[PDB]
Amino acid sequence: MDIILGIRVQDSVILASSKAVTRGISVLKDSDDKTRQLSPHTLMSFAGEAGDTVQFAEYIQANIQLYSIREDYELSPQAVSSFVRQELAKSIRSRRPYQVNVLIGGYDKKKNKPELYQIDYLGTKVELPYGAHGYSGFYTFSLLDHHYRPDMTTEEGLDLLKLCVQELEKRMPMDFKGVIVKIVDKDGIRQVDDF
Amino acid sequence: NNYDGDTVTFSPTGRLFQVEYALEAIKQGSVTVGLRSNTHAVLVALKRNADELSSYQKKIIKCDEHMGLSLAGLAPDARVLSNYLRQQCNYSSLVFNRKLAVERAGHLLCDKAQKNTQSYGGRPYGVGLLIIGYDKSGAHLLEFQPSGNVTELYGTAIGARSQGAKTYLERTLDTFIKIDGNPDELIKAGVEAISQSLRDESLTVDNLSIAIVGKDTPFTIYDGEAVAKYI
Amino acid sequence: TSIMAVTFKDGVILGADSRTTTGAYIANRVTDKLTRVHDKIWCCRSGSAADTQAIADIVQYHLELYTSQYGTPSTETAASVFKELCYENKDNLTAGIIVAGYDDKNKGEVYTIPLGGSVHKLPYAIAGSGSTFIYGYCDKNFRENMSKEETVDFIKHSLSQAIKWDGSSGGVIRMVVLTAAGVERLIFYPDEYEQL
Amino acid sequence: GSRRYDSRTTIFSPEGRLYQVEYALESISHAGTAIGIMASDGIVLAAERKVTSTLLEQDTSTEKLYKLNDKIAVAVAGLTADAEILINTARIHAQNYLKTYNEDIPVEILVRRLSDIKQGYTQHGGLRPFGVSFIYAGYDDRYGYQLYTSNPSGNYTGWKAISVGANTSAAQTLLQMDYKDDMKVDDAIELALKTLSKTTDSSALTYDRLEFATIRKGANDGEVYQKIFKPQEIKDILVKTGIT
Amino acid sequence: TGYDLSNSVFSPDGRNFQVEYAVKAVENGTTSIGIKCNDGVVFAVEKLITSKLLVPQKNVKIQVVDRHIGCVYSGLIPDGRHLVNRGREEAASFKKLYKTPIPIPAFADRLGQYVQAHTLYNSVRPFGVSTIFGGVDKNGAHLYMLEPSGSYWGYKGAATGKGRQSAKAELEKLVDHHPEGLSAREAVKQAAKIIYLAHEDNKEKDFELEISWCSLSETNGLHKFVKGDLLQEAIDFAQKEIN
Amino acid sequence: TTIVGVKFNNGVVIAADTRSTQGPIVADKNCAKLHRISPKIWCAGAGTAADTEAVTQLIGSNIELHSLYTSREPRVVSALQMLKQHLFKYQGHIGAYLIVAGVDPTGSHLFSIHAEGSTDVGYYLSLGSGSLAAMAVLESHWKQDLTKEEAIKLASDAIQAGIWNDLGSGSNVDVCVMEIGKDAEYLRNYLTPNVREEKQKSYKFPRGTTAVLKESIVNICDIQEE
Amino acid sequence: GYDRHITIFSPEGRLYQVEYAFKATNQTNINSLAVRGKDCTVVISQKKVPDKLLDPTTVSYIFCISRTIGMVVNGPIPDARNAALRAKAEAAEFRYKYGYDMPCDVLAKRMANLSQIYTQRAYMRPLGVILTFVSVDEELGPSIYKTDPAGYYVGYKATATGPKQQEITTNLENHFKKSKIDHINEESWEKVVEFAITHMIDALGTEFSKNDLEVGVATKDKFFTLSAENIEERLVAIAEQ
Amino acid sequence: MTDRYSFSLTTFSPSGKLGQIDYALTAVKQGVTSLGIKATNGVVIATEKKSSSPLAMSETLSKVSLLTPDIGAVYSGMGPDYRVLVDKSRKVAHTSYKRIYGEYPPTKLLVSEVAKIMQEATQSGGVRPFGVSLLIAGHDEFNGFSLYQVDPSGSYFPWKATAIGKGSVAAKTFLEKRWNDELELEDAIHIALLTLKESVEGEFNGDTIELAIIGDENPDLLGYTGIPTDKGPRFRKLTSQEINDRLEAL
Amino acid sequence: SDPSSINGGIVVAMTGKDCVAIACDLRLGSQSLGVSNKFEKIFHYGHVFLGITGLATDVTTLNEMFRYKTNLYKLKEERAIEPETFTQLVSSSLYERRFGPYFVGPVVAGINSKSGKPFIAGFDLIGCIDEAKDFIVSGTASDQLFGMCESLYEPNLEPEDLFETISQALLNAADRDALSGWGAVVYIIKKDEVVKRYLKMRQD
Ligand SMILES: [Mg+2]
Ligand SMILES: [Mg+2]
Ligand SMILES: [Mg+2]
Ligand SMILES: [Mg+2]
Ligand SMILES: [Mg+2]
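Chains as they are written, first to last, in UniProt numbering: chain A, 1 to 195; chain B, 4 to 234; chain C, 20 to 215; chain D, 2 to 245; chain E, 6 to 248; chain F, 30 to 255; chain G, 11 to 251; chain H, 1 to 250; chain I, 2 to 205.
Right, here's the structure in full:
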């Protein structure tokens with residue numbers, strides 16, 4: 001799919017993902033949720049080739065849920081991101097690689113810290129205060145570089161995110177039909193239903 | 004005794020007891036007769052029921068338009084061996100546009116049965132077969148034993164009390180071999196042969212199973228009211 | 020490369036030039052293209068040096084194992100083993116081999132195995148890039164049941180012309196004589212054959 | 002054929018017991034006693050080498066205590082060669098986990114893995130089981146200090162104090178008598194050596210017949226240190242605790 | 006004891022009892038023979054007529070391998086067929102690689118190594134046949150006989166089955182009385198006589214004679230069955246000698 | 030790369046330059062191209078450097094095991110046969126071009142091998158990008174019955190021709206002499222005709238020239254006791 | 011008592027199946043002898059053709075493994091030929107892989123290793139044969155190396171195998187105790203064969219005709235067997251002095 | 001065919017004994033005595049060349065074998081089992097170490113690999129244990145000189161000095177009285193020859209005794225010169241003459 | 002498209018008197034787009050240091066792989082791996098992927114704990130060892146680094162002088178490469194102390 005953004009503020013991680021699903025000529029859907037809850041305090045957004053994106057995301061979800069049941073324990077965001085990276089690094093030298101880029105937003109309950117990980121389809125992982133995939137970063141990073149502070153509130157993060165989306169809507173040729181925004185914090189994952 | 008635990012063990016006198024025990028399963032089986040002339044070949048089989056509510060176990064299996072057999076012993080083994088014959092008949096037709104010779108069909112059955120007598124883990128087949136057919140050298144009748152021994156005959160019988168039918172055919176040899184161009188009389192001779200192996204029970208309409216193949220006759224099986232004519 | 024084998028009264032003689040090229044560079048000017056696969060069964064190699072060496076080594080192995088079990092192989096048998104390797108692996112080989120051998124029963128025999136992996140029994144055979152220039156000469160000058168001295172002259176004159184016109188051929192003319200008397204190696208230098 | 006010579010290692014007895022597991026446990030009961038004691042500030046592993054010689058090179062010798070990683074160690078009771086096969090497999094599992102998740106393997110997960118390998122040999126394959134019982138001493142940031150044991154059946158359990166090998170009945174009673182929950186490592190060191198001293202089949206307990214190890218947070222600040230005791234260090238702790 | 010319950014087990018003697026028990030199956034079989042003549046070989050076999058219902062001349066026992074080798078055997082007939090099938094695969098692969106038809110000594114070892122392989126493991130049973138075989142190659146005629154152990158040698162004459170002792174004695178007379186050699190046509194006649202003489206050990210039932218031959222002059226080095234007039238001539242010669 | 034091999038009276042000598050390159054850039058100025066297959070069997074490699082090293086060590090390893098198995102000193106023909114059959118199998122994808130030389134109980138030997146598995150016999154051979162420059166010298170000065178001293182001289186002169194005239198070759202000459210009934214003598218940097226001249230200036234900086242944001246001690250020691 | 015049926019240890023640490031394979035070795039009732047000359051290695055073996063129907067030319071226990079290596083076998087012919095075929099295959103493969111002729115001692119070691127495997131692996135039985143390999147090795151010179159069902163092998167100055175090996179061994183021992191050298195100091199192989207036959211006659215106490223013996227000779231670059239007429243010429247020379 | 005023995009031939013008996021291992025150890029007990037002594041500057045391993053026949057050339061039978069240039073091995077028990085173990089040990093030193101790290105394995109790790117092979121013959125399907133005990137002597141840079149014993153079970157132990165086989169019990173007592181931590185290599189060789197004489201019945205000389213050392217680097221045995229870091233093998237087999245010289249000072 | 006220049010970055014290593022230095026930039030990018038300024042390319046396993054340039058997924062993968070292997074090495078050997086031994090392990094590990102290689106340019110640096118000898122080594126993507134006495138360079142500005150090192154380097158520099166030399170070599174090389182920079186780290190390594198210094202540099 002197209003635009004996926006992430007921003008780590010003081011006490012939460014915010015993931016914004018576009019709603020459009022376009023199959024060549026027509027926009028087939030304008031309410032698509034490009035995300036999966038891997039565990040109660042870990043969310044993964046995704047974008048890439050059709051079919052592979054959801055297939056990969058659900059495969060990861062199943063594996064993390066399996067771990068959660070086996071050990072009666074939630075893996076840290078760092079541990080989950082390392083598992084995901086290895087799967088993609090394994091995938092890139094396969095017969096047919098997963099063409100999927102992901103952002104992993106999680107709240108580490110042990111350290112009481114939000115964490116954002118950016119991983120591309122090659123298995124290139126980086127921990128960031130804010131991140132994106134595709135062309136999204138080209139339009140938004142100059143705004144994030146300017147306004148971002150590590151001590152921002154969730155409300156300030158959402159306001160900076162709105163400015164990013166407005167810039168995308170202005171200068172991007174494609175109509176991505178707005179974004180679904182989700183917040184990951186100590187209380188878990190919730191969706192901002194008005195954005 | 005100490006040498007009958009598996010098929011891979013000779014006895015001190017050079018016997019293979021597992022093969023001999025497989026042979027014993029045929030003797031427990033219901034009687035079936037085979038005989039031929041120069042134009043036709045006939046199978047006659049006494050079918051066995053479990054009880055009065057049950058059907059009569061089928062004894063005759065078609066392998067091709069020009070070949071088929073009757074069984075005595077373990078029926079599932081006959082299904083395996085007949086399926087193999089069907090495939091071999093079919094391979095010959097598809098690849099070589101050639102109807103499989105009955106003698107060659109016997110050689111193939113011999114070799115398939117032999118492999119089950121020389122290897123560990125397996126078991127011999129527990130069924131005897133009477134193969135009739137009409138090929139480029141006329142009518143044929145074969146007798147298959149799960150020891151691997153296949154024999155071409157004018158007539159024969161296998162199963163329980165088969166000795167009575169076999170002696171009859173040995174007497175009638177000079178008569179029934181000459182029944183050319185008369186299918187009904189050849190079947191009569193077969194029905195009369197199998198009658199020499201009956202005790203207490205007689206040939207009824209759902210008891211009797213007859214098959215025939217010949218010069219201008221595809222392998223066809225007769226059951227039910229189709230054999231009432233011969234009762 | 021210019022290679023040939025010629026049957027004659029007392030047996031067979033194999034002949035070859037000694038030039039191996041990488042493009043226009045002569046990588047080896049003293050190559051030995053006459054290869055022994057058995058005591059009195061030799062071969063001439065043309066095409067990929069890697070392929071023809073690999074094939075020859077395998078054949079020599081096969082005939083060595085044959086000899087241990089069944090005694091001396093015929094020249095036909097050797098040719099058959101060559102053919103089996105060349106035909107079955109035709110997609111991955113560039114090899115043109117002439118097989119020559121001496122039996123006491125069959126005497127001198129020559130088999131040629133071109134690119135495809137077919138076999139052709141001939142009174143004599145020519146192969147390699149230089150052979151194209153001597154089809155006319157060889158056809159006009161070959162006779163059956165020549166003497167040893169005549170056959171040496173025939174091969175010497177033939178390969179001389181092949182070398183003269185083919186840039187891929189040159190150096191010395193090597194020869195191996197196969198008769199009842201044994202195996203004789205011959206060599207002829209440029210100053211000898213160029214003046215013919 | 003071959004069936005004739007097959008012992009059938011993976012069958013139940015009429016009573017519902019696994020013959021080979023039971024006989025492997027009988028083998029382990031003749032091995033040198035190994036003891037593990039868990040305290041609030043660390044774990045102690047103590048083990049007795051089997052009737053040694055004066056010519057044995059002790060300082061380079063290892064038959065009882067093995068390092069699986071920087072956080073987890075094991076005490077062995079049974080066939081040493083069998084144990085080393087499993088130990089190497091455990092070391093690899095720990096590293097596989099570390100590579101996958103970028104975190105040290107939790108103690109129980111490693112223990113479960115080795116225990117599942119043991120279990121497999123009792124249910125399929127027709128091979129004899131491993132004649133080994135382990136005591137696992139380890140630390141992770143979820144449960145802290147942990148003691149486990151596993152045996153040839155593949156069954157594992159957690160402990161505050163435990164023994165394997167010879168005279169476990171006598172050893173376990175002695176541990177059950179003197180163990181307390183608020184105990185410290187230095188106290189546990191003394192209990193372990195006192196227990197071995199009483200249960201040993203030898204005439205006296207000396208340094209050359211012992212292997213000793215501690216897992217302490219007595220590593221400078223927020224980390225864990227493994228200490229495989231040297232022959233001289235075992236000799237000193239024997240004098241300190243008043244056994245020699 | 007128990008050494009005879011499993012194949013490939015050495016007894017305290019150094020014997021493989023399972024192979025020796027396979028020999029008992031061979032000794033129980035019908036008589037088969039082989040005669041090496043001047044430029045070829047002759048094979049003959051006793052076929053017991055169990056019943057009148059057996060079609061005469063139909064249940065052929067002697068088998069051809071390639072086009073120049075004949076094979077006959079006594080004992081378990083299916084085992085013999087299995088061995089010949091292998092022989093045919095061996096002969097085919099030899100000719101495929103080396104072009105020339107498999108020489109008889111070469112073929113002899115192919116059968117020998119295969120039969121010997123069935124004395125190496127307890128997962129297989131030894132062959133319950135002794136096989137007399139041979140033919141003409143580039144070095145002339147060869148006759149061989151191969152036992153359940155895998156043991157084989159070259160022979161001037163060979164016999165196996167129930168009437169082997171009788172046959173052997175007859176073969177030994179021919180070797181003594183003909184040091185210069187026997188002709189192919191003579192060997193066919195003699196083969197008929199020897200089977201008829203060896204039939205005294207199987208005198209209860211009557212039998213059918215089956216003969217084949219490979220000869221450089223008579224069959225061009227190809228294996229052929231003796232049929233019609235030549236077979237009847239041999240039967241007459243044989244019947245004359247027993248009376 | 031320039032590598033040569035030269036037969037002489039009682040043995041064989043191989044030589045090589047010491048420049049390894051990535052495209053037009055000199056990666057290492059003093060590279061070691063003379064590899065040991067066994068104590069008295071040495072070879073020089075051109076082409077893909079990792080392949081020449083890897084194939085040498087593999088065959089060298091198997092040659093050592095073979096020597097131990099047979100209780101015999103390794104032969105050059107064994108190294109040759111194992112190398113060519115390995116290289117042939119990989120159809121030239123292993124880019125190893127070698128000159129293999131050595132002494133063994135059979136005598137002294139000199140072979141070349143192409144990447145695709147073809148081999149060659151000779152009294153003098155040259156391989157690599159400077160092989161034409163080297164072969165020019167060898168063809169001009171080689172004769173039968175060379176002495177040890179003459180062969181070393183000829184071999185190093187052939188390498189020099191490559192050093193000076195081939196851009197792919199440079200720096201120093203390495204030589205290894207394998208004589209019958211003697212230890213093989215490896216002469217590393219036998220010639221050194223390319224020492225860099227003293228620079229016009231010292232570029233040692235004043236301390237504190239570089240701007241630093243943070244300093245910290247890196248813990249290379251293991252977790253400590255107490 | 012299944013420790014006697016397969017190759018596993020008995021309570022005494024013995025392998026009975028190996029021991030019984032040694033007993034099968036003498037089933038043919040044939041004695042063989044091998045000696046070394048200056049330039050050659052000679053091996054002689056008794057030849058017994060008990061049946062008149064046999065072709066005597068096909069009755070042999072001496073094998074030409076390679077051009078340089080010969081092998082005599084003590085044991086049943088099926089196992090003998092099994093070992094012969096394998097040895098031939100191993101020798102050919104060696105030459106192909108390593109570019110030189112397989113040495114006699116190396117082949118012996120290889121066949122010994124294969125035999126060792128049969129004593130350790132249960133599904134394979136030992137071969138009931140003793141294999142004596144002979145050659146004139148290009149490095150070691152005249153060579154005799156012998157392999158048995160236990161997987162043991164060693165080089166010999168001279169050796170003997172069969173039911174009456176001890177009588178031949180002691181006879182050979184006594185000769186080398188006199189001469190104080192490791193070989194027969196003789197130039198021609200013909201005289202080394204004459205020595206070999208003479209000392210077998212002395213040891214066994216039996217006379218031999220040309221058909222009672224079988225002789226193999228190894229020289230530099232070839233191993234060959236003697237014909238009955240070559241052996242006859244040998245026997246005539248022995249009788250004439 | 002196919003190996004249909006996919007089950008263990010070594011199993012636990014009711015008493016907890018692994019019968020086949022015990023019986024393998026019994027076969028080792030019947031074997032000829034071999035010993036090893038560690039000195040401060042070297043290790044010595046020795047055994048008797050029990051010649052099966054005087055016609056046999058016992059020099060062609062090597063009981064003491066080089067595994068790596070710095071590691072040697074000797075045995076007691078079944079010779080053929082030893083010979084194949086030596087072949088596997090030599091190969092595994094390359095495949096599982098030298099082809100990975102570009103250097104020969106340290107003594108303890110090669111011993112570990114040999115031990116693993118012997119352990120597997122004790123558990124794998126359709127095989128018996130090896131009927132040998134090995135004494136492996138070696139040197140490596142970081143561990144110095146070392147001597148290890150490896151048993152049929154796959155268990156291995158490091159020794160200052162020890163003996164295995166026929167007269168091991170008496171030999172070990174003899175070694176206990178003579179060994180100290182200040183022995184030089186020549187002292188250890190002297191003690192080795194003294195100890196070995198007790199278990200030898202017949203001839204006792206350089207032709208009937210096999211003896212090797214792990215000591216100083218032998219640049220004369222390297223086969224080439226020119227590389228300073230390569231200084232030659234530490235394993236050296238003593239000659240018949242070298243042994244006899246030390247038997248006069250006995 | 003070219004895997005070795007998608008992410009960018011550089012590593013340089015130098016020897017001095019009883020010391021070695023290894024240094025790297027901190028940039029990770031997606032071609033023209035700068036993604037991270039904290040992507041360190043130098044790792045250590047005990048006292049042996051490994052710098053890795055090239056494709057960033059392989060950099061991460063190989064670090065995890067060598068941590069894996071050196072941890073098992075240490076457990077079995079009962080000692081930390083040495084630079085010379087580790088160099089052979091890197092070479093072995095890279096060549097095992099001969100026909101499907103990791104797209105990397107590794108650099109080893111360290112001091113042998115027993116001899117005290119300074120050691121550096123470099124590799125191509127498939128395992129060929131470059132063991133230079135002076136310096137090793139790697140990455141998208143390797144040409145620039147060769148130019149800097151060849152002129153700036155002199156043998157037997159003291160630790161604090163070597164720091165200035167290697168720092169200036171890296172900084173000025175990186176400023177002539179679009180895909181390198183965004184910060185830099187320098188390790189100064191002595192036999193039993195290692196100092197890590199982050200450098201101040203232009204952020205374009
Ligand atoms: Mg090709
Ligand atoms: Mg020209
Ligand atoms: Mg066995
Ligand atoms: Mg820049
Ligand atoms: Mg910029």
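Cβ atoms here follow ideal geometry from the backbone N, Cα and C, with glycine treated the same way.
When DSSP labels each residue in this structure, what does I140/G get in the three-state scheme? Here residue 140/G corresponds to residue number 130 of the seventh sequence, with the count starting at 1. Three-state DSSP puts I140/G in a strand.
Give a single yes or no on whether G42/C has its beta carbon closer than 8 Å to a heavy atom of ligand 5. Taking the third sequence and counting its residues from 1, the one referred to as residue 42/C is at position 23. Result no, Cβ not under 8 Å from ligand 5.
Compare the Cα-Cα distances from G136/C to each of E211/C, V100/C, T94/C, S188/C and report the closest residue. Residue numbering aside, residue 136/C sits at position 117 when the third sequence is read from its first letter. Considering only alpha carbons, the answer is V100/C.
Kindly identify the DSSP beta-bridge partner or partners of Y107/A. Counted from its first residue, the first sequence places residue 107/A at position 107. According to DSSP, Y107/A bridges with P114/A.
At what residue ranges does the stretch 116 to 179 of chain E contain a whole run of the alpha helix (DSSP H), taking only runs of 4 or more? none
Tell me the residue span of the alpha helix (DSSP H) that contains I110/D. What you label residue 110/D is simply residue 109 of the fourth sequence in a count that begins at 1. Looking at the DSSP string, the run of the alpha helix (DSSP H) that includes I110/D is 108 to 124.
Closer than 7 Å at the beta carbon, the chain A residues around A57/I: Here residue 57/I corresponds to residue number 56 of the ninth sequence, with the count starting at 1. Simply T124.
Would you tell me roughly how many angstroms separate the C-alpha atoms of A47/A and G106/A, rounded to the nearest one? Working through the first sequence from its first residue, we reach residue 47/A at position 47. Working through the first sequence from its first residue, we reach residue 106/A at position 106. Rounded to the nearest angstrom, the two C-alpha atoms are 18 Å apart.
Tell me which residues of the stretch 153 to 168 of chain H have at least one Cβ-Cβ distance to chain D shorter than 7 Å, keeping chain order. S153, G154, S155, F157, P158, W159, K160, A161, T162
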